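*Asks:* Pasting a structure here, questions to come.
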Amino acid sequence: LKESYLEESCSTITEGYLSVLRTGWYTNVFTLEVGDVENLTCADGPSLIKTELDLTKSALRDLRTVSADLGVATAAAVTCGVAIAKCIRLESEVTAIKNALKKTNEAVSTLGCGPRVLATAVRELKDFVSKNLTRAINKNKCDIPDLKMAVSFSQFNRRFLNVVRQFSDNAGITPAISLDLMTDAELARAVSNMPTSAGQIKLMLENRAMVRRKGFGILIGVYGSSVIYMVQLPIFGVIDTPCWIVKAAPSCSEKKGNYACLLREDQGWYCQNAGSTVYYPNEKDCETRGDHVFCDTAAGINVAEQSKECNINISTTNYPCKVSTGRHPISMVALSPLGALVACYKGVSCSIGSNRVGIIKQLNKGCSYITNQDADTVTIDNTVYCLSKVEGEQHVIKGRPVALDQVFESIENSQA
Amino acid sequence: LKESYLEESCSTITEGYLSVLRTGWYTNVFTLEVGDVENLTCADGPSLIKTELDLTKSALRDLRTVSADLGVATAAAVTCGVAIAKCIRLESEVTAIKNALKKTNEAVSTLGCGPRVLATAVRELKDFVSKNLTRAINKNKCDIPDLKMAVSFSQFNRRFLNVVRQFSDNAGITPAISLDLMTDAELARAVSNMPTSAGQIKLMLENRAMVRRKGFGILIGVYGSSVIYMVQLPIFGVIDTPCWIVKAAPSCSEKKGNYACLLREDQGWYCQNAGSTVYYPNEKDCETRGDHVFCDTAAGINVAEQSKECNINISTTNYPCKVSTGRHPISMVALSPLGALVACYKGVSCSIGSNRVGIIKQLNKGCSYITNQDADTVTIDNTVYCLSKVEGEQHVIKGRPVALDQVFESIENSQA
Amino acid sequence: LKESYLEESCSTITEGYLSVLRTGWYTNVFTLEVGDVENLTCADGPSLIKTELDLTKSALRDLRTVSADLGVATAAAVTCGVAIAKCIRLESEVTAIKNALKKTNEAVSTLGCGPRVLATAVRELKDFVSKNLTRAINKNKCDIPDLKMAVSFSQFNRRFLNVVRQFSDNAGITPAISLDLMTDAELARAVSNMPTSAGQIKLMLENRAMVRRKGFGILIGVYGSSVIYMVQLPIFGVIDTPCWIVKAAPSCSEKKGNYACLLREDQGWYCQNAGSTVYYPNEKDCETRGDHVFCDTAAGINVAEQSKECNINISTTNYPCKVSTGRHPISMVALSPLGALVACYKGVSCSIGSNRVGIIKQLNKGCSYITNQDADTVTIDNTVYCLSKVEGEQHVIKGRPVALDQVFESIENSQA
């Protein structure tokens, strides 16, 4: 909640973060009973209930014609998911978990390889198909005067049909959990049943939309009158360790109308997990929510603890800070948590504006750091960048503005 | 509508374009009245209307469990969008705009920070919930013999449920405007109310599907019986300035079975806006529609006016034309507006075919330029490239085929 | 089904593949009859059937307000698709194919430019609109006591409305075929009608979900009471030629706490088609299904047959094997078909685990090759990588671990 501007490097650092680290996967297997619906037929000619039965059977048979045979964390995670659809048909665990879920609509159970996985039953469609609807469909009569029967049917199989749309349209693995895959109460029962300490399950529950976004779904298959799928939910088994984030902007010097520029390439996320610092170089591997930060940890890299020497004595530091270099001039804005680093050079015009006072001042050629208490908006030409009004303490560390040590090594080698 | 082939560089230039430049964002805030639907309950056991009420209340409460806390133009644009959802709950402007939209279903109004934003009301669901439906749900009786009441209910809340699907499934920010977020008449009222000159609003209206594609949606929140969302629509405030587009293909020379190749890296879009030339290096930042070109301008870079010297005297030119170089042979086709540059080298076979005459001739090893009046199709091996039949005048500029001046500087440095 | 581990290069090769090569596009044009539905109006005030008619007419008119004007294979393919929507409105082939599909609901016919394209009719909505429904809507009376009429209407136009959602939401070109664009029976009739030999159509039919994923849809337009769209289905006209796939992992050597590392950059897919070897460098250009491999061939590059000399004598080989080089240490796992190459260096811990025995052993610093019969899982720190249990024969080829010859050329040039 305390941000430091490195005057010496035209850069920012943002501190004060709590990890929410994805360390594992929780499997919520759902079983949707459709019922013995294949052995029902409408022979009283064309009918609305007949059209719904033919639609239901066509979507079900279309799902029975379905068969299977990236940033790093997700690929290791998918290898997990495949492992669980496999061990499922294994030893017909179906038969086992089937016996286990007749008894109840929600239960915990160790799978052949599964370490006590979650099983949730949704049987409304079979009971309706079996009880109310199948008695009205005995004797092959569907143009019944009971129009109520047709409307209950299209409403109750709607969840299954959209479920079929969601599985047929995405070739078996949705990237997240829709409210039709798992409602919120079922989502909450599954999130609540995860194996971690109290603060982690409670915190994951709060922001359960992130559990939705970071999880995904796998088709297991159709067996008779049973619909089977599984949802992989990220277990954020690690919370409240230090994280901090690093931003940087181009440092350019001009002599005689010509430019020499350099830029730090160590932007992105850093976290202190298990005695090492993990770098999440891409934005998408981590995600902020207020003061808490959600990261998939398998997406990070163990880097040496050496990054604080990149702030204190960056030229003279022992680990070589990686940088790139350039020969022709640029201009841009890298927005920061409590401001913006604005590199505004000849050829562009930059300004800061206020939602209360209007444009305050055009901003200077060179590297400038602007605070989000200072301005409400920044503009470069016609590109508009507005800014947040979030509060916290900011600080300036005075100093004059391939591995960077390979740039010093390249210059130093060419002159002797 | 006049294309020039640069024989001297194996390259094309396409001229004759009218800008449609995204210069701003128009905010269309929608208010969907759901009604006082929470205080209705069905106590006459399980029912179709009860299931619809429980579904409606579950989707609404699921949306009440929703909370928040890339090519450059879009990120600056999102900072806008966040600014507007913030200033909305501010000073409960809700209460203000609420007072303002009771009076009418469509109106203009300055927001606390909003410079006269658009407000659109859609109240059908509350009035139905309140008038026809709530009187039939008094006294907690839902298995009524009026089946008409249940069908009007599922049809009228369908817009809200798909609206809920669209907001719950995308974690609050859709990338575009579906016909369920904003119908065409509401889309047209909002596009029509934008702040620019007549030719721009009329032209944006024509191709309003691009306004759909370039805009996006933000969830604001649920308050009581009111549903609130906002749609950011791009204001293409700039039209009919010169744009032109540059394509290039590999120029390869062979000696003794060995290749030396070079390629211009200045492909992409160029526009003359406000005294500078803006380069849109990625295709997606600009989009053609006939003779008009749609660009998001915040996606471009002010480059010096020096690019025409890259055509006249490219080796000797003063700004250094950026190029890359290579040592091992390749082969490819870069399709152009009125043809194709085909670099066809040893190892591949290339041909042009006609939909009328069939294969005309196999095309030559080397760099060839083919016109879309010349052929209907071009093939390299089994990769098929067909071509358009669009008309306009083509011209050949005769000439023998890191910054390119850094390639001349590198060769020139190594021999003395 | 026989995998070779190159001990000499810390690398894997997987052999035993059957091509399923996308060599062409099959066009399935669908014609959906909506009926003369515009000339029907409901004047008996507000009604459910009236709301459905107004919705249907609003979605239809919204689709009448729709107008148009990447990894390489797809872009050449889209130029195909555009060619076919063009030649369609040409010579009003509509009128021709219209005459041709009155006679039947499915037929083959050469288009003006089309080489005998497929036409499929779906007319249920017009016949219902015309026969049962239009007689009940004569005399402008929609609040009829027949509630059955309203439910048949919303069910029958549902396919058209979701069809409209799918076309309005994606700006006219879906990336694949939903079950609502083409049901499985229509999908099967179209796949079955493709121009190739028996083994190819039969095999494509098996895994028709890949035909779905690799095809896409194009809006042609609305004319009166006729809905028109086309689906481009990939014709995998080539099957059962040799393919093989190459993986590699970093080879690192340490001296005095310092690292020198190199890595082969020739990972990806290789196929023997038409006398040349085609390289599919990106995963997405090819896709495995068991022992068969699905590739879009226009996505590949003709490379010289020289790659087997990259295995036998890679340092001394004549074509220069492309490699990159590095100066600072890394650590990672590249999973393989029958195992994993695990480069585990100082700073990380790696292990293999078993679903039966538990963690077997922590894995060694250095380059290790682990078989999927050997372990069920591998872990680096907290990043979990599990593994498959697929069977086949593995083999080790003993040997001590820019173009690679440019790395030998760079070292060799700097010392003399």
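How things are named: the first chain in the structure tokens is A, the next is B, and so on; residues count from 1 in each chain; ligands count from 1 in the order shown.
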Enumerate as a VMD selection string the residues belonging to chain B that approach chain C to within 10 Å, with only C-alpha atoms taken into account.
*Replies:* chain B and resid 147 to 149 151 to 152 155 to 156 176 to 180 183 to 185 206 to 210 212 to 213 283 288 to 291 326 to 335 347 to 348 355 to 356 376 to 389
*Asks:* Skipping near chain neighbours, those fewer than 6 positions away, what residues fall within 12 Å of residue B:153 using only C-alpha atoms, listed as a ChimeraX atom specification?
*Replies:* /B:34,37,48-56,124-130,132-134,136-137,146-147,159-161 /C:48
*Asks:* Generate the output file for the selected residues, N, CA and C atoms, as an mmCIF file, in the first residue's frame.
*Replies:*
data_model
loop_
_atom_site.group_PDB
_atom_site.id
_atom_site.type_symbol
_atom_site.label_atom_id
_atom_site.label_comp_id
_atom_site.auth_asym_id
_atom_site.auth_seq_id
_atom_site.Cartn_x
_atom_site.Cartn_y
_atom_site.Cartn_z
ATOM 1 N N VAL B 34 -36.425 -4.800 -12.940
ATOM 2 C CA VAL B 34 -36.812 -6.187 -12.698
ATOM 3 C C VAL B 34 -38.110 -6.206 -11.886
ATOM 4 N N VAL B 37 -39.459 -8.075 -7.066
ATOM 5 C CA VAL B 37 -39.623 -9.496 -7.328
ATOM 6 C C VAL B 37 -39.097 -10.369 -6.202
ATOM 7 N N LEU B 48 -44.434 -24.563 -12.014
ATOM 8 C CA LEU B 48 -43.705 -23.948 -13.129
ATOM 9 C C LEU B 48 -43.462 -22.463 -12.877
ATOM 10 N N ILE B 49 -44.487 -21.725 -12.461
ATOM 11 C CA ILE B 49 -44.213 -20.325 -12.185
ATOM 12 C C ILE B 49 -43.247 -20.235 -11.007
ATOM 13 N N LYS B 50 -43.396 -21.124 -10.006
ATOM 14 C CA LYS B 50 -42.443 -21.157 -8.888
ATOM 15 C C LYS B 50 -41.030 -21.464 -9.341
ATOM 16 N N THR B 51 -40.873 -22.443 -10.221
ATOM 17 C CA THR B 51 -39.544 -22.734 -10.731
ATOM 18 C C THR B 51 -38.987 -21.506 -11.460
ATOM 19 N N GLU B 52 -39.817 -20.805 -12.271
ATOM 20 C CA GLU B 52 -39.363 -19.576 -12.947
ATOM 21 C C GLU B 52 -39.049 -18.461 -11.963
ATOM 22 N N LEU B 53 -39.804 -18.364 -10.883
ATOM 23 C CA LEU B 53 -39.494 -17.332 -9.913
ATOM 24 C C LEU B 53 -38.208 -17.656 -9.173
ATOM 25 N N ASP B 54 -38.005 -18.937 -8.846
ATOM 26 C CA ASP B 54 -36.797 -19.360 -8.156
ATOM 27 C C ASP B 54 -35.587 -19.241 -9.078
ATOM 28 N N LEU B 55 -35.753 -19.576 -10.355
ATOM 29 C CA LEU B 55 -34.700 -19.333 -11.329
ATOM 30 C C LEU B 55 -34.389 -17.849 -11.445
ATOM 31 N N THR B 56 -35.416 -17.005 -11.467
ATOM 32 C CA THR B 56 -35.170 -15.589 -11.673
ATOM 33 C C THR B 56 -34.472 -15.013 -10.468
ATOM 34 N N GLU B 124 -39.995 -2.963 -18.808
ATOM 35 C CA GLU B 124 -41.081 -3.882 -19.119
ATOM 36 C C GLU B 124 -41.178 -4.958 -18.050
ATOM 37 N N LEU B 125 -40.039 -5.498 -17.626
ATOM 38 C CA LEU B 125 -40.080 -6.565 -16.643
ATOM 39 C C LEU B 125 -40.668 -6.120 -15.302
ATOM 40 N N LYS B 126 -40.302 -4.935 -14.763
ATOM 41 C CA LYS B 126 -40.957 -4.494 -13.510
ATOM 42 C C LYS B 126 -42.453 -4.246 -13.664
ATOM 43 N N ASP B 127 -42.869 -3.596 -14.761
ATOM 44 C CA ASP B 127 -44.295 -3.301 -14.917
ATOM 45 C C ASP B 127 -45.093 -4.592 -15.027
ATOM 46 N N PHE B 128 -44.546 -5.559 -15.760
ATOM 47 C CA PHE B 128 -45.230 -6.872 -15.840
ATOM 48 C C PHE B 128 -45.184 -7.508 -14.451
ATOM 49 N N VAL B 129 -44.002 -7.497 -13.833
ATOM 50 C CA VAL B 129 -43.875 -8.110 -12.521
ATOM 51 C C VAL B 129 -44.815 -7.424 -11.573
ATOM 52 N N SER B 130 -44.864 -6.100 -11.640
ATOM 53 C CA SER B 130 -45.709 -5.343 -10.726
ATOM 54 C C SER B 130 -47.201 -5.480 -11.106
ATOM 55 N N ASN B 132 -49.467 -7.100 -14.133
ATOM 56 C CA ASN B 132 -50.207 -8.321 -14.486
ATOM 57 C C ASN B 132 -49.791 -9.479 -13.576
ATOM 58 N N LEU B 133 -48.478 -9.740 -13.487
ATOM 59 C CA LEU B 133 -47.982 -10.938 -12.805
ATOM 60 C C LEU B 133 -48.156 -10.852 -11.269
ATOM 61 N N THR B 134 -47.780 -9.719 -10.624
ATOM 62 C CA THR B 134 -47.863 -9.645 -9.147
ATOM 63 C C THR B 134 -49.306 -9.767 -8.651
ATOM 64 N N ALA B 136 -51.510 -11.715 -9.926
ATOM 65 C CA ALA B 136 -51.823 -13.147 -9.998
ATOM 66 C C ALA B 136 -51.019 -13.956 -8.965
ATOM 67 N N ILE B 137 -49.915 -13.388 -8.454
ATOM 68 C CA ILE B 137 -49.082 -14.009 -7.415
ATOM 69 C C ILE B 137 -49.440 -13.474 -6.033
ATOM 70 N N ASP B 146 -53.809 -20.569 -15.220
ATOM 71 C CA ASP B 146 -53.436 -19.655 -16.295
ATOM 72 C C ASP B 146 -51.998 -20.029 -16.609
ATOM 73 N N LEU B 147 -51.858 -20.787 -17.685
ATOM 74 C CA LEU B 147 -50.560 -21.156 -18.176
ATOM 75 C C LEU B 147 -49.936 -20.019 -18.962
ATOM 76 N N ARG B 159 -34.677 -11.965 -21.457
ATOM 77 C CA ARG B 159 -33.673 -10.970 -21.781
ATOM 78 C C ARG B 159 -32.809 -10.768 -20.552
ATOM 79 N N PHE B 160 -33.419 -10.710 -19.381
ATOM 80 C CA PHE B 160 -32.594 -10.539 -18.200
ATOM 81 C C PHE B 160 -31.689 -11.743 -17.924
ATOM 82 N N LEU B 161 -32.183 -12.990 -18.111
ATOM 83 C CA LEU B 161 -31.365 -14.199 -17.893
ATOM 84 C C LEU B 161 -30.206 -14.316 -18.855
ATOM 85 N N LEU C 48 -48.679 -12.729 -26.372
ATOM 86 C CA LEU C 48 -47.514 -13.620 -26.413
ATOM 87 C C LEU C 48 -47.151 -13.989 -27.848
#
*Asks:* Residue A:45: which residues within 10 Å, counting only C-alpha atoms, same-chain residues fewer than 6 positions away excluded, as an MDAnalysis selection string?
*Replies:* chainID A and resid 140:143
*Asks:* Using DSSP assignments from the backbone, pull out every residue in stretch 61-298 of chain C that falls under strand (DSSP E or B) and give it to me as a ChimeraX atom specification.
*Replies:* /C:106-109,117-122,173-174,216-223,226-235,238-248,251-255,258-264,268-273,276-280,286-289,292-296
*Asks:* Residues near stretch 10-16 of chain B, anyone? I mean within 8 Å using only C-alpha atoms, not counting same-chain ones fewer than 6 positions away, as a PyMOL selection string.
*Replies:* chain B and resi 1-4+242-251+291+336-337+341+367-369+401
*Asks:* Keeping N, CA, C and O atoms, export the residues of the selection given above as a PDB file, in the first residue's frame.
*Replies:*
ATOM      1  N   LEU B   1      -7.652   4.027 -54.273  1.00  0.00           N
ATOM      2  CA  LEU B   1      -8.262   3.163 -55.284  1.00  0.00           C
ATOM      3  C   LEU B   1      -7.227   2.954 -56.422  1.00  0.00           C
ATOM      4  O   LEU B   1      -7.551   2.420 -57.493  1.00  0.00           O
ATOM      5  N   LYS B   2      -5.988   3.388 -56.151  1.00  0.00           N
ATOM      6  CA  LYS B   2      -4.850   3.364 -57.071  1.00  0.00           C
ATOM      7  C   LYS B   2      -3.690   2.773 -56.271  1.00  0.00           C
ATOM      8  O   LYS B   2      -3.334   3.256 -55.186  1.00  0.00           O
ATOM      9  N   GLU B   3      -3.213   1.650 -56.750  1.00  0.00           N
ATOM     10  CA  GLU B   3      -2.198   0.836 -56.116  1.00  0.00           C
ATOM     11  C   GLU B   3      -0.887   0.894 -56.871  1.00  0.00           C
ATOM     12  O   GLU B   3      -0.880   0.830 -58.101  1.00  0.00           O
ATOM     13  N   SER B   4       0.208   1.105 -56.148  1.00  0.00           N
ATOM     14  CA  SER B   4       1.522   1.124 -56.770  1.00  0.00           C
ATOM     15  C   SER B   4       2.403  -0.045 -56.316  1.00  0.00           C
ATOM     16  O   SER B   4       2.632  -0.234 -55.115  1.00  0.00           O
ATOM     17  N   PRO B 242      -6.377  11.091 -45.230  1.00  0.00           N
ATOM     18  CA  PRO B 242      -5.637  10.124 -46.043  1.00  0.00           C
ATOM     19  C   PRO B 242      -5.122   8.992 -45.180  1.00  0.00           C
ATOM     20  O   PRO B 242      -4.502   9.214 -44.135  1.00  0.00           O
ATOM     21  N   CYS B 243      -5.331   7.779 -45.638  1.00  0.00           N
ATOM     22  CA  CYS B 243      -4.645   6.652 -45.059  1.00  0.00           C
ATOM     23  C   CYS B 243      -4.083   5.893 -46.243  1.00  0.00           C
ATOM     24  O   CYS B 243      -4.538   6.043 -47.378  1.00  0.00           O
ATOM     25  N   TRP B 244      -3.073   5.095 -45.980  1.00  0.00           N
ATOM     26  CA  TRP B 244      -2.552   4.257 -47.034  1.00  0.00           C
ATOM     27  C   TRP B 244      -1.932   3.068 -46.352  1.00  0.00           C
ATOM     28  O   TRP B 244      -1.536   3.146 -45.187  1.00  0.00           O
ATOM     29  N   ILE B 245      -1.845   1.961 -47.061  1.00  0.00           N
ATOM     30  CA  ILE B 245      -1.308   0.777 -46.413  1.00  0.00           C
ATOM     31  C   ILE B 245      -0.118   0.201 -47.179  1.00  0.00           C
ATOM     32  O   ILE B 245      -0.137   0.112 -48.416  1.00  0.00           O
ATOM     33  N   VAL B 246       0.877  -0.278 -46.420  1.00  0.00           N
ATOM     34  CA  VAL B 246       2.111  -0.836 -46.968  1.00  0.00           C
ATOM     35  C   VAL B 246       2.295  -2.325 -46.700  1.00  0.00           C
ATOM     36  O   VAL B 246       2.327  -2.751 -45.538  1.00  0.00           O
ATOM     37  N   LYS B 247       2.467  -3.100 -47.787  1.00  0.00           N
ATOM     38  CA  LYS B 247       2.876  -4.511 -47.837  1.00  0.00           C
ATOM     39  C   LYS B 247       4.231  -4.718 -48.497  1.00  0.00           C
ATOM     40  O   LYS B 247       4.659  -3.961 -49.372  1.00  0.00           O
ATOM     41  N   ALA B 248       4.850  -5.835 -48.140  1.00  0.00           N
ATOM     42  CA  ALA B 248       6.174  -6.152 -48.629  1.00  0.00           C
ATOM     43  C   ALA B 248       6.343  -7.657 -48.625  1.00  0.00           C
ATOM     44  O   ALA B 248       5.667  -8.381 -47.887  1.00  0.00           O
ATOM     45  N   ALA B 249       7.277  -8.108 -49.444  1.00  0.00           N
ATOM     46  CA  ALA B 249       7.604  -9.517 -49.539  1.00  0.00           C
ATOM     47  C   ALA B 249       9.115  -9.662 -49.626  1.00  0.00           C
ATOM     48  O   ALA B 249       9.828  -8.710 -49.962  1.00  0.00           O
ATOM     49  N   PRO B 250       9.631 -10.831 -49.276  1.00  0.00           N
ATOM     50  CA  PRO B 250      11.084 -11.056 -49.239  1.00  0.00           C
ATOM     51  C   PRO B 250      11.807 -10.875 -50.571  1.00  0.00           C
ATOM     52  O   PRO B 250      11.383 -11.393 -51.610  1.00  0.00           O
ATOM     53  N   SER B 251      12.845 -10.039 -50.560  1.00  0.00           N
ATOM     54  CA  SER B 251      13.710  -9.886 -51.726  1.00  0.00           C
ATOM     55  C   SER B 251      14.975 -10.754 -51.527  1.00  0.00           C
ATOM     56  O   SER B 251      15.813 -10.448 -50.661  1.00  0.00           O
ATOM     57  N   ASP B 291     -13.962   1.223 -49.414  1.00  0.00           N
ATOM     58  CA  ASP B 291     -12.993   2.325 -49.464  1.00  0.00           C
ATOM     59  C   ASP B 291     -12.730   3.021 -48.105  1.00  0.00           C
ATOM     60  O   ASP B 291     -11.786   3.820 -48.022  1.00  0.00           O
ATOM     61  N   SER B 336      -1.852  -8.883 -51.552  1.00  0.00           N
ATOM     62  CA  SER B 336      -2.094  -7.424 -51.673  1.00  0.00           C
ATOM     63  C   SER B 336      -3.526  -7.092 -52.134  1.00  0.00           C
ATOM     64  O   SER B 336      -4.142  -7.874 -52.870  1.00  0.00           O
ATOM     65  N   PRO B 337      -3.970  -5.836 -51.940  1.00  0.00           N
ATOM     66  CA  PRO B 337      -5.320  -5.429 -52.405  1.00  0.00           C
ATOM     67  C   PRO B 337      -5.661  -5.704 -53.853  1.00  0.00           C
ATOM     68  O   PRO B 337      -6.826  -5.978 -54.158  1.00  0.00           O
ATOM     69  N   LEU B 341       2.223 -10.481 -53.923  1.00  0.00           N
ATOM     70  CA  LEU B 341       3.639 -10.592 -54.168  1.00  0.00           C
ATOM     71  C   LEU B 341       3.934 -12.041 -53.847  1.00  0.00           C
ATOM     72  O   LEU B 341       3.562 -12.533 -52.774  1.00  0.00           O
ATOM     73  N   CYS B 367      10.986 -12.966 -57.501  1.00  0.00           N
ATOM     74  CA  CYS B 367       9.887 -12.135 -57.038  1.00  0.00           C
ATOM     75  C   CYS B 367       8.930 -11.739 -58.173  1.00  0.00           C
ATOM     76  O   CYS B 367       9.344 -11.095 -59.148  1.00  0.00           O
ATOM     77  N   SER B 368       7.651 -12.127 -58.064  1.00  0.00           N
ATOM     78  CA  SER B 368       6.677 -11.768 -59.098  1.00  0.00           C
ATOM     79  C   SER B 368       5.510 -11.010 -58.481  1.00  0.00           C
ATOM     80  O   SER B 368       5.093 -11.306 -57.352  1.00  0.00           O
ATOM     81  N   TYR B 369       4.976 -10.041 -59.204  1.00  0.00           N
ATOM     82  CA  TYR B 369       3.764  -9.360 -58.766  1.00  0.00           C
ATOM     83  C   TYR B 369       2.605  -9.763 -59.675  1.00  0.00           C
ATOM     84  O   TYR B 369       2.706  -9.629 -60.898  1.00  0.00           O
ATOM     85  N   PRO B 401      15.567  -4.651 -57.934  1.00  0.00           N
ATOM     86  CA  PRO B 401      15.235  -4.963 -56.528  1.00  0.00           C
ATOM     87  C   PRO B 401      16.440  -4.719 -55.631  1.00  0.00           C
ATOM     88  O   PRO B 401      17.559  -5.133 -55.936  1.00  0.00           O
TER      89      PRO B 401
END
*Asks:* Determine the nearest neighbour of residue A:307 from the options A:198, A:271, A:263, A:222, counting only C-alpha atoms.
*Replies:*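 Ranked by minimum distance to residue A:307, first place goes to A:271.
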*Asks:* Which value, in Å to one decimal, gives the distance between atom CA of residue C:117 and atom CA of residue C:27?
*Replies:*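 A separation of 6.0 Å between them.
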*Asks:* Point out the residue among C:188, C:107, C:181, C:233 with the least atom-to-atom distance to residue C:202, counting only C-alpha atoms.
*Replies:*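 Using only C-alpha atoms, residue C:202 sits closest to C:188.
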*Asks:* Can you list every residue in stretch 96-202 of chain B that DSSP puts in alpha helix (DSSP H), as a PyMOL selection string?
*Replies:* chain B and resi 96-102+124-128+134-136+147-169+184-192+198-202
